Every structure is written in structure tokens, then in C-alpha cells.
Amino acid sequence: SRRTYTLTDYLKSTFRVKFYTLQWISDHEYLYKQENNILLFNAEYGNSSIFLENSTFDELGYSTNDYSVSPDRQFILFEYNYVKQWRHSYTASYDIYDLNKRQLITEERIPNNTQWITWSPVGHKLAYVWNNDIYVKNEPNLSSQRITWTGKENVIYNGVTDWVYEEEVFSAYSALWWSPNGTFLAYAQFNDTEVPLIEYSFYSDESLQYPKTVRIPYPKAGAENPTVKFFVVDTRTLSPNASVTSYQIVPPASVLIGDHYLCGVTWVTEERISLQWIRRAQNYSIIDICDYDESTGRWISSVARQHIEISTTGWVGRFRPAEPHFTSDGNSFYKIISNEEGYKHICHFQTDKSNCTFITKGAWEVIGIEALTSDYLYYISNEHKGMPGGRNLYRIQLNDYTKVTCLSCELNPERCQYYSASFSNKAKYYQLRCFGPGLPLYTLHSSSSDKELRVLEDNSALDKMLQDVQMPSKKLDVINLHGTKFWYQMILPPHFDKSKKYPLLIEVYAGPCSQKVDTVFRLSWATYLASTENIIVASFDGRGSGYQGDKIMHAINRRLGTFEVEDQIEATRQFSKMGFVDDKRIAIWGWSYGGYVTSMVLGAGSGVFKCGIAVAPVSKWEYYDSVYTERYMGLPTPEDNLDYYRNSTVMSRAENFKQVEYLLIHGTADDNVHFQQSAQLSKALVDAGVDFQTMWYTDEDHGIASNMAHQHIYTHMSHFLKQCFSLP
């Protein structure tokens, strides 16, 4: 026990944190890949059975990265040849295996380079996208029926999102929604025709004699956006000799006026579908409940069935309006919206009415709704011990909003304060995933009596390994800024000697609705800095952050680069007042927004920080995509918010950099925050005669996650830091 958590321990993950992944296929049974073989687990008893032996897994092409079984358990889908694209997107090859015949389907296979594929809700239909067009396979071995013909690379998307909807509006590649019983298949169609193209070089493998130019339809603040169309297809008439039967649903008049987005799709019943649209502005979204008319095939909507959500201080929801949770009969629904006091809370809605009733209230927020039986409502919130960085499972009794109980609060009060859950089909069971403050813990529960049932994964192996290495200690706490109570966290080195003055590192994100202060357990770069380098690392959630109410979160509305930056400075000061902090050796580092924030801090000329590192940071908001940017800044026009766009650019503070040591990093293949941003920033600094450091990473993207790149960037930021702090 005379060794520490080294840099290599971090980069090689020599300390394995185990998890437990399962899939609910019934209301009490779940699948679990063990020793390379799926097993069916019976939640009620704990007894399992082989659902698919390993061996049967014959490295088809490469490796079986993912599998999905049809709902009737007659077939299982195998995914191989996975080729990542953006953040959620990717292509792959797919095999379908017959669990009856126990053979592999060989006639009529799924196309190579498939973009998205999915079993229908019931039975074993399949819907999939390929070359931006949709295809429906009722039966596996049979042929597939093409549903669209407009698909075109980089221009028209049927069933899958383009770059901006994938990154900022759905957070997923898919834009396909089967009806509850497989009758209808809904999809979105995207048109990127007038969206400008972002282009950059991809050098590829050393042997390529000429670099390639990657081209992506990418709308930057204020530029032409992709347009959208929604379609509902009746798969009943899908026939090789038949036209396709589909109805196009348009947005209510209030959104249809100017530019807009489609932010959500939720089937209520085989004949009732809920669409949620939001305006480009984003301080006005609306739910439109549409019902099928059996006599015309049309899908009708109406005023009685529309619900408008707006914001006067900013944008709707956290990163999009929260999703509606309908009751089985679909006549009412539950959904999180801001308070009269700005706290996110569950309101109960009537499908054909306009008034709603909150069933939760308090100086805390509801993170999300987890399940909804005819009796209870299961959700997750940060109310416990009033700390916003905590997560717990609650169950509220629908006939008495007073009868609210906490299922995770007391299970392991010290080790578990941050949870997420996975409910079984009817909410008879759930798995409780504890991500911290102690080692992660996975357990299974019965909804009937709320009994421990059993433990799925306690990371007892990890714990064993750690008590033979000097780990850092992390403490959460509050500090006061301009009246408001704010949270912070410090990763303190081992053998904490208060008489000693320790160099301090601020690890910062600080983007709207962000939260860098929580109880999640993490084995990170800071672990190594605290443990081995004896550097205290801290984080602060100030104005603009989230899960604390709109007042705090909407604070930076239309003025990014201001309060959240200042607040980091103001808080580091207090941190420097303390005695174990060597106020003459403090740095600040951050990625993406945090790389932006960090850069603004250094150019602030507060003389508080000695140095900082910015990795793939936003430098000028007119360079970032438009869905995100415009949500917090409006349009860059002098008739709107041009002035605050122009003065929140890191380049505007170039001269102050003459006062600190700056390390600038970016991947030449960043498709998210373009390399342009840092190229433009370093050019402004050269032009201001400022000296600094840079580190470009050839062909790496926003995550600089290739193995060698990952190792190298961290190894590099550590040398820069030990030099900024003159450490051995």
C-alpha cells in the first residue's frame, strides 16, 4: 500500500469497474450476456437458463457487438461490422437467427452498410434504413418492401437524422417509430438541400497519397437549417404491386408559421400519436395529439388536443422540452415543466384539456419519469438531502400525490446517492444502478413489496484492489456567491497535510444546464493528479448550470461567456483563500464548452490562474451549430443578439493571454467543434503577438478517443501541468 493511482492506471484502466447490463423482454424476465452467452433470467426467482450458448457465436466477419431479439422471441438480430459515424450514428451488417429451427437465415439478408434497423413492437417485423431510404421486412427470409425512394446522401434523409438533428434534437440516429401493434410505421424525412457545407481534411492512413475532403451539411448559428416532414405509413397495404399508403402530418399553425424543428415522437395507442414541435427560437414548443380516422386514413389534430409550453426567461426544457408520458388509455399524460418558481416538476395533463396539475413541488427538480402504471408513477429526482447532484428513485401514488416514497434513499445512504433505474415491462421489477459515491452497485427489486431480491454486481473485486493503493478523497460542499448557495467538489490528494500548500486545478465544463458537481464515482485523470501528483482538482457549478431551477439555469440566457465564466473566477478566488491551496499555482482546464469557458477565464486578466488547457473549445459562437447556439443566443443579427455574439469570442481577449501559459488542443477531424475554431483562435493570438502552445491531433474527432490519441493527449497535458506547477 505504498503505491498510488498512476497515469498509466488511468490510461490502461488497470482497475476495472464492473457493471451489469440486462434487457427486459417480458414483465419479469430479462436477457443477460454472460461468459459470452445470452441467458434468460427470471426476475421473480433468480433462476436462469441458456437462451443462446456461446460457440453459436461464430465471429461472423468480426465480432458480435450487439444483439436484439424480436418481441415474440422467434428470432434474434446480430450486429457485426460496426462502423462508427458521428456521436450516435453508425453502419453495420446484420444477421437474423431463427431460434426455432436454430439455423441462420440465409435467403434475403439485410443489406451491407445498414444505417438503422428495428424489430416492430410485437411479433417480428423489421424496419430498416439503407442509403437513406426505408425498407420493411414482415418476415425475415422473405424480401423487403421499399417504402421511400427520395433518399440521397448528404441531402435527403428518410428514417434517420442528419448531423444537427442527431447531435442536438434527438440525440440519436433514428427517426423511425412503429405503432404499438405494428400497424403503422412513422418516420421523419430531412431535407439538407440549402444547409451550408462544413469541409475539412481527412489525411487517413499514411499510404493515402492525397488527403480527402470531408463534407457535411452543417448549419452554423443563423444559417439555413434542414427542413422536416413527418409521415405515418399504414403497413397493412404494403404490397409489391401497390402504392404506399401514408399520411403527412404537419405542425400546428403556431409553429408552421416560421422555421421549426421536430423534437419528439410518442405513440399513445395504435390510433393515437403524439407529436412535439418547437420553434427555431425555442422559447415555444407545442404538443399535438393526433388520432387516426379509420374512414379516411387521415390523421387529425385539434386545438382541444394541443398543449403549448413557453419560456419568458429562456429556452424550453433542459436540452429540449421533456417528453409526454401517456396513460395506457391515452386520455391523459404526465410531463415535467417549470414551476411558477422555476423548478422542474411533474404536471398531470388531460389530453383534451389545457390546465395541468403539478403532483410534485419543492426546491428541487425531477430529472425524469421512469415508468407509469395505472396506479403509481416512478421518477428520479435530486430532492434527497436537498443536494442537486444526487439521484434517487421515487414512486408517487397516483390517487394521492401525498403518498410519495423513496426506494433508493436508504438502501446504502453512504455508498449510494446517485441512481438510475430500468423497469420491467409492467413495472413489476426494476434494477437499481448505483453509480456513486461509493463503488458502483447493481441490484434487482420487486415493485410489489420493495424487497432487495438480490445483488447483480457489487464491484467487490474492484474494492479489493483499491485498498492496496493510495486513493484520493473527494468531498462535496457549498459556497455562497452573490447570495446564492452553490456546489463544488474537490479531489484531495492522499495523506492530506493541511500545513502544505497544494497546487489547484479547476476542471470545468460550465455549459448551460451542465453539472460537474455530483456523487457519481469516477476513476479519472484527476484521480491520478490527486493521488500521484498531489494536485487538488476542483469543479464548480455556478450560474447557468442545471437541476436547480430556471433562475439559476436561465441566468446566462442570451449571454454565454459572461456569468458562468465570472462565477468560475469568483469561486476559485474563495478556493484560493483556503490554506491548503497555493494561490500562486492554480490552473483551469476544460473540454468543448469547458475549453471555451477555460479560455475566457484566462483572457479575463484576473491574474488568478497561472495556466490553462483548452481542448476542442468553442471560440466564436457563430462557428457552432445552430440548434444549440441559437437556443441560448438567438440570432447573430443587430436586430437580435449580434452584440453579445461579437463580444463573447475568445479572440476578443487575446491580449490578456500575454499574462498566462496557454495550451491549445484540437483534432483536425472534429466534426462537432470544427478545427476552424482553434485555427481562428491561434491566429488571433499570433496576431496579438501572444506566445502560447498548441497540439493538433491528426484525424482525431471531438473525443480524441483513439487509443493512441487518448494516451498521448493526457500524457501531454500532464507534462504541461507539472511544468506549470514545476513538479517532478
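Residue indices: 1-based, along the sequence shown. If you superpose the two forms and keep the largest set of C-alpha atoms that fall within 1.5 Å, you have the rigid core.
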To spell it out: superpose each other structure in 6 other deposited structures of this protein onto this one by the rigid core, compute Cα RMS over structures and residues for 62 to 70 and for 45 to 53. Which is larger?
62 to 70
Name the stretch that deviates more in 6 other deposited structures of this protein: 191 to 199, or 238 to 246? Use RMS CA distance to the shown form, core superposed.
238 to 246
Higher mean Cα B-factor in the deposited model: 171 to 179 or 94 to 102?
94 to 102
Pick between 482 to 490 and 628 to 636: the one whose mean CA B-factor in the entry is higher.
482 to 490
For the listed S55, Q693, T698, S678, which has the peak Cα B-factor recorded in the PDB entry?
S55
Reading the B-factor column for Cα atoms of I249, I216, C356, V517, the highest value belongs to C356
For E294, does the deposited CA B-factor place it in the lowest, middle or highest third of the chain?
highest
Check where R109 lands among this chain's C-alpha B-factors and tell me if it's the lowest, middle or highest third.
highest
Taking the values exactly as deposited, rank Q659 by C-alpha B-factor within its chain and report the matching third: lowest, middle or highest.
middle
Within this chain, which third does the Cα B-factor at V17 fall in: lowest, middle or highest?
highest
Assigned third (lowest, middle, highest) for the C-alpha B factor of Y80
highest
